[PDB]
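S.K.: Hey, dropping data-v9.pdb in here, PDB, C-alpha atoms (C1' of nucleotides) and all ligand atoms:
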ATOM      1  CA  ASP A   1     -34.002  39.171  24.314
ATOM      2  CA  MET A   2     -35.430  41.107  21.379
ATOM      3  CA  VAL A   3     -32.597  42.708  19.419
ATOM      4  CA  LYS A   4     -33.843  42.514  15.823
ATOM      5  CA  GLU A   5     -37.534  41.924  14.999
ATOM      6  CA  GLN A   6     -38.638  42.271  11.380
ATOM      7  CA  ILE A   7     -40.969  40.579   8.888
ATOM      8  CA  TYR A   8     -39.658  39.044   5.665
ATOM      9  CA  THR A   9     -41.252  37.857   2.420
ATOM     10  CA  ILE A  10     -38.779  35.218   1.135
ATOM     11  CA  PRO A  11     -39.165  34.451  -2.587
ATOM     12  CA  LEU A  12     -38.992  30.824  -3.671
ATOM     13  CA  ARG A  13     -38.849  31.177  -7.456
ATOM     14  CA  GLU A  14     -35.348  29.699  -7.786
ATOM     15  CA  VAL A  15     -36.603  26.566  -6.023
ATOM     16  CA  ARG A  16     -38.654  25.694  -9.112
ATOM     17  CA  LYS A  17     -35.532  24.862 -11.168
ATOM     18  CA  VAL A  18     -34.708  21.471  -9.591
ATOM     19  CA  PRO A  19     -36.587  18.205 -10.274
ATOM     20  CA  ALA A  20     -40.229  18.134  -9.291
ATOM     21  CA  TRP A  21     -40.112  15.847  -6.264
ATOM     22  CA  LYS A  22     -37.067  17.532  -4.682
ATOM     23  CA  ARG A  23     -38.652  20.980  -4.430
ATOM     24  CA  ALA A  24     -39.647  20.864  -0.750
ATOM     25  CA  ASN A  25     -36.170  20.056   0.582
ATOM     26  CA  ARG A  26     -34.757  22.827  -1.578
ATOM     27  CA  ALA A  27     -37.447  25.157  -0.244
ATOM     28  CA  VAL A  28     -36.363  24.434   3.332
ATOM     29  CA  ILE A  29     -32.693  24.991   2.492
ATOM     30  CA  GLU A  30     -33.527  28.212   0.650
ATOM     31  CA  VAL A  31     -35.501  29.658   3.568
ATOM     32  CA  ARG A  32     -32.710  28.759   5.984
ATOM     33  CA  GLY A  33     -30.065  30.355   3.758
ATOM     34  CA  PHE A  34     -32.144  33.497   3.292
ATOM     35  CA  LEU A  35     -32.427  33.937   7.050
ATOM     36  CA  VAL A  36     -28.714  33.187   7.464
ATOM     37  CA  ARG A  37     -27.575  35.894   5.055
ATOM     38  CA  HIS A  38     -30.199  38.473   6.055
ATOM     39  CA  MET A  39     -29.545  38.017   9.784
ATOM     40  CA  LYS A  40     -25.741  37.518   9.699
ATOM     41  CA  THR A  41     -25.509  34.328  11.735
ATOM     42  CA  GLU A  42     -24.153  30.810  11.410
ATOM     43  CA  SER A  43     -26.322  28.205   9.708
ATOM     44  CA  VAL A  44     -26.961  26.171  12.873
ATOM     45  CA  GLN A  45     -28.219  29.240  14.764
ATOM     46  CA  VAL A  46     -31.428  29.299  12.691
ATOM     47  CA  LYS A  47     -34.562  27.518  13.915
ATOM     48  CA  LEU A  48     -37.827  26.979  12.043
ATOM     49  CA  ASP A  49     -41.281  26.837  13.600
ATOM     50  CA  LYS A  50     -43.481  23.881  12.717
ATOM     51  CA  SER A  51     -45.877  26.321  11.029
ATOM     52  CA  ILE A  52     -43.286  27.030   8.313
ATOM     53  CA  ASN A  53     -42.641  23.315   7.832
ATOM     54  CA  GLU A  54     -46.391  22.718   7.610
ATOM     55  CA  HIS A  55     -46.810  25.471   5.029
ATOM     56  CA  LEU A  56     -44.007  24.236   2.782
ATOM     57  CA  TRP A  57     -45.381  20.657   2.773
ATOM     58  CA  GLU A  58     -49.097  21.482   2.433
ATOM     59  CA  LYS A  59     -49.431  20.344  -1.186
ATOM     60  CA  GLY A  60     -46.928  17.500  -1.336
ATOM     61  CA  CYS A  61     -43.260  17.592  -2.211
ATOM     62  CA  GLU A  62     -43.853  18.780  -5.790
ATOM     63  CA  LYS A  63     -45.807  22.035  -5.279
ATOM     64  CA  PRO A  64     -44.182  24.335  -2.723
ATOM     65  CA  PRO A  65     -45.538  27.893  -2.778
ATOM     66  CA  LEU A  66     -43.817  30.520  -4.882
ATOM     67  CA  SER A  67     -43.506  32.813  -1.844
ATOM     68  CA  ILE A  68     -43.683  32.739   1.947
ATOM     69  CA  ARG A  69     -43.954  35.479   4.572
ATOM     70  CA  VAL A  70     -42.171  34.850   7.875
ATOM     71  CA  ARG A  71     -41.571  36.860  11.072
ATOM     72  CA  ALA A  72     -38.097  36.299  12.507
ATOM     73  CA  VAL A  73     -36.618  37.198  15.892
ATOM     74  CA  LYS A  74     -32.968  37.660  16.870
ATOM     75  CA  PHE A  75     -31.416  37.229  20.313
ATOM     76  CA  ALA A  76     -28.026  38.230  21.681
ATOM     77  CA  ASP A  77     -27.078  34.612  22.409
ATOM     78  CA  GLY A  78     -27.440  33.947  18.674
ATOM     79  CA  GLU A  79     -30.613  31.970  18.022
ATOM     80  CA  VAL A  80     -33.238  33.185  15.547
ATOM     81  CA  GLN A  81     -36.864  32.071  15.941
ATOM     82  CA  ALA A  82     -38.627  32.194  12.569
ATOM     83  CA  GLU A  83     -42.370  31.552  12.742
ATOM     84  CA  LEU A  84     -44.978  31.890  10.021
ATOM     85  CA  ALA A  85     -46.167  35.465   9.676
ATOM     86  CA  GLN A  86     -49.784  35.906   8.645
TER      87      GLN A  86
ATOM     88  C1'   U B   1      32.171 -38.383   1.252
ATOM     89  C1'   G B   2      37.493 -40.089   2.116
ATOM     90  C1'   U B   3      42.031 -37.656   3.409
ATOM     91  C1'   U B   4      45.966 -33.337   4.485
ATOM     92  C1'   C B   5      46.366 -28.270   6.708
ATOM     93  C1'   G B   6      43.326 -24.494   9.106
ATOM     94  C1'   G B   7      39.729 -20.035  10.550
ATOM     95  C1'   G B   8      35.592 -18.043  14.164
ATOM     96  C1'   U B   9      32.107 -14.071  20.043
ATOM     97  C1'   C B  10      39.110  -9.580  19.624
ATOM     98  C1'   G B  11      32.841 -11.621  15.564
ATOM     99  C1'   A B  12      31.024 -17.396  10.888
ATOM    100  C1'   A B  13      27.349 -17.854   7.141
ATOM    101  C1'   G B  14      24.052 -14.575   4.620
ATOM    102  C1'   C B  15      22.705  -9.478   2.699
ATOM    103  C1'   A B  16      23.678  -4.004   0.418
ATOM    104  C1'   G B  17      27.512  -1.103  -1.924
ATOM    105  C1'   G B  18      32.662  -0.654  -3.477
ATOM    106  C1'   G B  19      38.692  -1.798  -4.704
ATOM    107  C1'   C B  20      41.978  -5.356  -7.261
ATOM    108  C1'   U B  21      42.988  -9.918 -10.180
ATOM    109  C1'   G B  22      41.524 -13.206 -14.507
ATOM    110  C1'   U B  23      40.028 -13.236 -22.106
ATOM    111  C1'   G B  24      35.927 -15.493 -19.141
ATOM    112  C1'   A B  25      32.956 -18.800 -16.113
ATOM    113  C1'   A B  26      34.691 -16.456 -11.143
ATOM    114  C1'   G B  27      38.010 -15.469  -7.023
ATOM    115  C1'   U B  28      39.737 -12.464  -3.114
ATOM    116  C1'   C B  29      39.760  -7.924   0.045
ATOM    117  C1'   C B  30      37.256  -3.276   2.319
ATOM    118  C1'   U B  31      32.915  -0.622   4.659
ATOM    119  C1'   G B  32      27.652  -1.067   6.965
ATOM    120  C1'   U B  33      24.431  -4.871   8.992
ATOM    121  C1'   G B  34      24.444  -9.763  11.418
ATOM    122  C1'   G B  35      25.134 -13.078  16.253
ATOM    123  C1'   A B  36      27.210 -18.991  15.112
ATOM    124  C1'   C B  37      29.312 -21.677  12.367
ATOM    125  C1'   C B  38      32.926 -22.047   7.691
ATOM    126  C1'   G B  39      36.941 -23.529   4.651
ATOM    127  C1'   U B  40      41.452 -25.894   2.184
ATOM    128  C1'   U B  41      45.447 -30.176  -0.684
ATOM    129  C1'   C B  42      44.762 -34.719  -3.350
ATOM    130  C1'   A B  43      40.584 -37.672  -5.184
ATOM    131  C1'   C B  44      35.468 -39.345  -5.660
ATOM    132  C1'   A B  45      30.087 -38.654  -6.293
ATOM    133  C1'   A B  46      25.248 -36.092  -7.694
ATOM    134  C1'   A B  47      17.754 -35.080  -6.207
ATOM    135  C1'   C B  48      24.597 -30.059  -9.597
ATOM    136  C1'   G B  49      24.300 -24.072 -12.768
ATOM    137  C1'   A B  50      17.727 -20.789 -15.895
ATOM    138  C1'   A B  51      15.683 -15.153 -19.150
ATOM    139  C1'   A B  52      11.885 -17.477 -21.952
ATOM    140  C1'   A B  53       7.753 -23.452 -21.691
ATOM    141  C1'   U B  54      -0.545 -18.764 -23.511
ATOM    142  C1'   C B  55       5.600 -22.535 -17.528
ATOM    143  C1'   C B  56       3.972 -23.654 -11.629
ATOM    144  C1'   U B  57       3.465 -21.194  -6.458
ATOM    145  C1'   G B  58       3.750 -16.641  -3.624
ATOM    146  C1'   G B  59       4.141 -11.177  -3.473
ATOM    147  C1'   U B  60       3.062  -6.736  -6.009
ATOM    148  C1'   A B  61       2.214  -2.529 -10.182
ATOM    149  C1'   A B  62      -0.142   0.455 -13.982
ATOM    150  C1'   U B  63      -5.232   0.930 -15.417
ATOM    151  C1'   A B  64      -7.004   4.572 -10.873
ATOM    152  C1'   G B  65      -9.041   7.510  -6.584
ATOM    153  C1'   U B  66     -11.284   5.435 -12.430
ATOM    154  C1'   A B  67     -16.237   1.908 -13.373
ATOM    155  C1'   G B  68     -20.064   0.616  -9.975
ATOM    156  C1'   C B  69     -23.084   2.184  -5.378
ATOM    157  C1'   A B  70     -29.512   5.045 -11.296
ATOM    158  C1'   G B  71     -33.630   1.999 -15.172
ATOM    159  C1'   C B  72     -38.429  -2.999 -12.275
ATOM    160  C1'   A B  73     -41.265   0.259  -5.635
ATOM    161  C1'   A B  74     -37.977   8.654  -7.969
ATOM    162  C1'   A B  75     -38.895   9.810   0.130
ATOM    163  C1'   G B  76     -38.264  12.581   3.142
ATOM    164  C1'   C B  77     -38.613  17.436   6.291
ATOM    165  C1'   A B  78     -39.136  20.255  11.206
ATOM    166  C1'   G B  79     -38.536  20.205  16.582
ATOM    167  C1'   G B  80     -36.517  17.503  20.843
TER     168        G B  80
HETATM  169 MG    MG C   1      12.858 -17.005 -12.783
END
Kindly transcribe the structure held in the file into structure tokens.
M.R.:
Amino acid sequence: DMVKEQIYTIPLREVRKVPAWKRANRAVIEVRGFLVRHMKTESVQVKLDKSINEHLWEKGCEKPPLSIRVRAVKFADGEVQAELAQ
RNA sequence: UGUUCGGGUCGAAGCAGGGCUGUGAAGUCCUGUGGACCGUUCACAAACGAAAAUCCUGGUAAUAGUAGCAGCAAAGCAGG
């Protein structure tokens, strides 16, 4: 069950260095890598709620937000449930 | 091919590498492989000897893990 519950505020400023239309994929990869290194788990262990995917693709694939605030959960079996914090 | 004398499953031809002979074309022997045919005297024949033809046919290098997999319609991400 609950072993590590904390709210994060992932910055996405390095995402804005790739070409314009490839920014959303890079945003997804960046969020996943942030959670991987701040939760100490393998890459596959990380799961993303559809709210995060909705938020990153709100304004097309060229204008991802410059920040995002998530609320992740860690379980003993390994999985991490990241869902969009308010 | 005609003729004389022979060899071979106790291992013929062929192939790889060596020893000796000959100025040389080449001959003969030894070792490994191979599994069925091959020589020699005297003569006679020829669809008879290749390193080259921007030669012919087949096999195979370097170039090289290289060019290309962009240009006219830049399309995908999350969960299951
Ligand atoms: Mg030739």
S.K.: Would you mind listing, as a list in words, all residues of chain A that have at least one atom within 9 Å of chain B, where all atoms listed in the file are what counts?
M.R.: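 Close enough to count are residues 21, 24, 25, 28, 47, 48, 49, 50, 52, 53, 54, 57 and 61 of chain A.
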S.K.: Could you tell me, counting only C-alpha atoms (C1' of nucleotides) and all ligand atoms, which protein and nucleic acid residues lie no more than 10 Å from ligand MG 1 (chain C), written as a PDB file with C-alpha atoms (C1' of nucleotides), keeping the file's coordinate frame?
M.R.:
ATOM      1  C1'   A B  50      17.727 -20.789 -15.895  1.00  0.00           C
ATOM      2  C1'   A B  51      15.683 -15.153 -19.150  1.00  0.00           C
ATOM      3  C1'   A B  52      11.885 -17.477 -21.952  1.00  0.00           C
TER       4        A B  52
END
S.K.: Evaluate the PyMOL selection byres (((chain A and resi 41) around 12) and not hetatm) here and jot the selected residues down as a list in words.
M.R.: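 Evaluating the PyMOL selection byres (((chain A and resi 41) around 12) and not hetatm) on this file yields residues 32, 33, 34, 35, 36, 37, 38, 39, 40, 42, 43, 44, 45, 46, 47, 74, 75, 76, 77, 78, 79 and 80 of chain A.
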S.K.: Export C-alpha atoms of the chosen residues as a compact mmCIF listing (two decimals), in the frame of the given file?
M.R.:
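Full text of again-v6.txt as output:
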# COMPACT_ATOMS: atom_id res chain seq x y z
CA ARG A 32 -32.71 28.76 5.98
CA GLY A 33 -30.06 30.36 3.76
CA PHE A 34 -32.14 33.50 3.29
CA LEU A 35 -32.43 33.94 7.05
CA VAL A 36 -28.71 33.19 7.46
CA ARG A 37 -27.58 35.89 5.06
CA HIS A 38 -30.20 38.47 6.06
CA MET A 39 -29.54 38.02 9.78
CA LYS A 40 -25.74 37.52 9.70
CA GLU A 42 -24.15 30.81 11.41
CA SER A 43 -26.32 28.20 9.71
CA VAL A 44 -26.96 26.17 12.87
CA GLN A 45 -28.22 29.24 14.76
CA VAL A 46 -31.43 29.30 12.69
CA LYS A 47 -34.56 27.52 13.92
CA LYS A 74 -32.97 37.66 16.87
CA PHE A 75 -31.42 37.23 20.31
CA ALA A 76 -28.03 38.23 21.68
CA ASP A 77 -27.08 34.61 22.41
CA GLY A 78 -27.44 33.95 18.67
CA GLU A 79 -30.61 31.97 18.02
CA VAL A 80 -33.24 33.18 15.55
S.K.: Any idea what's packed within 12 Å of residue B:39, counting all atoms listed in the file, ignoring anything in its chain fewer than 2 positions away? Could you give it as a list in words?
M.R.: residues 5, 6, 7, 8, 12, 13 and 37 of chain B
S.K.: Quick one, how far is atom CA of residue A:71 from atom CA of residue A:56?
M.R.: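 These atoms are spaced 15.3 Å apart.
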S.K.: To one decimal place, how far is atom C1' of residue B:80 from atom CA of residue A:26 in Å?
M.R.: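 One can read the atom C1' of residue B:80 to atom CA of residue A:26 distance as 23.1 Å.
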S.K.: Convert the output of the PyMOL selection byres (((chain A and resi 2) around 7) and not hetatm) on the shown file into explicit residues, formatted as a list in words.
M.R.: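 With the PyMOL selection byres (((chain A and resi 2) around 7) and not hetatm) on this model, the match is residues 1, 3, 4, 5, 73, 74 and 75 of chain A.
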S.K.: Just the number, please: distance in Å from atom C1' of residue B:3 to atom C1' of residue B:43, one decimal.
M.R.: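 Those two atoms sit 8.7 Å apart.
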S.K.: Calculated over all atoms listed in the file, which of the candidates A:9, A:51, A:81, A:86 has the smallest distance to residue A:68?
M.R.: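 Checking each candidate against residue A:68, we get A:9 as the closest.
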S.K.: Care to translate the PyMOL selection byres (((chain A and resi 16) around 12) and not hetatm) into actual residues of this file, as a VMD selection string?
M.R.: chain A and resid 11 to 15 17 to 27 30 61 to 67
S.K.: Which protein, DNA or RNA residues have an atom at most 9 Å from (38.0, -37.7, -2.7), counting only C-alpha atoms (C1' of nucleotides)? List them as a PyMOL selection string.
M.R.: chain B and resi 1-3+42-45
S.K.: List as a ChimeraX atom specification the protein and nucleic acid residues near stretch 26-36 of chain B, meaning an atom at most 10 Å away when all atoms listed in the file are counted, but skip any in the same chain fewer than 6 places from it.
M.R.: /B:8-9,11-20
S.K.: Please write out, as JSON, where the centre of an axis-aligned box around all listed atoms of stretch 21-27 of chain A lies and how long its edges are, in Å to one decimal, after adding 5 Å on each side.
M.R.:
{"center_x": -37.4, "center_y": 20.5, "center_z": -2.8, "size_x": 15.4, "size_y": 19.3, "size_z": 16.8}
S.K.: What would stretch 6-32 of chain A look like with N, CA and C atoms restored, written as a short mmCIF file (atom, residue, chain, number, x, y, z; two decimals), in the frame of the given file?
M.R.:
data_model
loop_
_atom_site.label_atom_id
_atom_site.label_comp_id
_atom_site.auth_asym_id
_atom_site.auth_seq_id
_atom_site.Cartn_x
_atom_site.Cartn_y
_atom_site.Cartn_z
N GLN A 6 -38.17 41.76 12.66
CA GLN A 6 -38.64 42.27 11.38
C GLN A 6 -39.28 41.14 10.59
N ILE A 7 -40.18 41.52 9.69
CA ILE A 7 -40.97 40.58 8.89
C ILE A 7 -40.40 40.50 7.48
N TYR A 8 -40.25 39.28 6.97
CA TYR A 8 -39.66 39.04 5.66
C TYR A 8 -40.67 38.37 4.75
N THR A 9 -40.37 38.39 3.45
CA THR A 9 -41.25 37.86 2.42
C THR A 9 -40.45 37.04 1.41
N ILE A 10 -39.68 36.08 1.91
CA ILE A 10 -38.78 35.22 1.14
C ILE A 10 -39.37 34.75 -0.19
N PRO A 11 -38.73 35.03 -1.32
CA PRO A 11 -39.16 34.45 -2.59
C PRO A 11 -38.58 33.07 -2.81
N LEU A 12 -39.37 32.21 -3.45
CA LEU A 12 -38.99 30.82 -3.67
C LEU A 12 -39.04 30.46 -5.15
N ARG A 13 -38.74 31.42 -6.02
CA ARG A 13 -38.85 31.18 -7.46
C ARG A 13 -37.67 30.38 -7.99
N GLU A 14 -36.50 30.50 -7.38
CA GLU A 14 -35.35 29.70 -7.79
C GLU A 14 -35.48 28.24 -7.37
N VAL A 15 -36.38 27.94 -6.43
CA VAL A 15 -36.60 26.57 -6.02
C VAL A 15 -37.20 25.75 -7.16
N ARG A 16 -37.92 26.39 -8.07
CA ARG A 16 -38.65 25.69 -9.11
C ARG A 16 -37.76 25.28 -10.29
N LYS A 17 -36.44 25.26 -10.11
CA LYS A 17 -35.53 24.86 -11.17
C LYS A 17 -34.98 23.45 -11.00
N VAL A 18 -35.19 22.83 -9.85
CA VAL A 18 -34.71 21.47 -9.59
C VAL A 18 -35.77 20.48 -10.05
N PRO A 19 -35.53 19.17 -9.96
CA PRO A 19 -36.59 18.20 -10.27
C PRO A 19 -37.82 18.41 -9.41
N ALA A 20 -38.93 17.82 -9.87
CA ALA A 20 -40.23 18.13 -9.29
C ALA A 20 -40.33 17.68 -7.85
N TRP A 21 -39.90 16.45 -7.57
CA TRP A 21 -40.11 15.85 -6.26
C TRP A 21 -39.10 16.29 -5.22
N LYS A 22 -38.09 17.07 -5.61
CA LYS A 22 -37.07 17.53 -4.68
C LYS A 22 -37.26 18.99 -4.31
N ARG A 23 -38.43 19.55 -4.60
CA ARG A 23 -38.65 20.98 -4.43
C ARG A 23 -38.85 21.38 -2.97
N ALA A 24 -39.38 20.49 -2.14
CA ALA A 24 -39.65 20.86 -0.75
C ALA A 24 -38.37 20.94 0.07
N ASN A 25 -37.45 19.98 -0.11
CA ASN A 25 -36.17 20.06 0.58
C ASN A 25 -35.42 21.31 0.19
N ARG A 26 -35.42 21.62 -1.11
CA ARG A 26 -34.76 22.83 -1.58
C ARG A 26 -35.44 24.07 -1.04
N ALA A 27 -36.76 24.03 -0.86
CA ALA A 27 -37.45 25.16 -0.24
C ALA A 27 -36.97 25.38 1.18
N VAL A 28 -36.83 24.30 1.95
CA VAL A 28 -36.36 24.43 3.33
C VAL A 28 -34.96 25.02 3.36
N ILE A 29 -34.06 24.49 2.52
CA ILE A 29 -32.69 24.99 2.49
C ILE A 29 -32.66 26.45 2.07
N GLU A 30 -33.52 26.83 1.12
CA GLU A 30 -33.53 28.21 0.65
C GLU A 30 -33.99 29.16 1.74
N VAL A 31 -35.04 28.80 2.48
CA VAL A 31 -35.50 29.66 3.57
C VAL A 31 -34.42 29.80 4.63
N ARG A 32 -33.76 28.70 4.98
CA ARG A 32 -32.71 28.76 5.98
C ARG A 32 -31.56 29.64 5.53
#
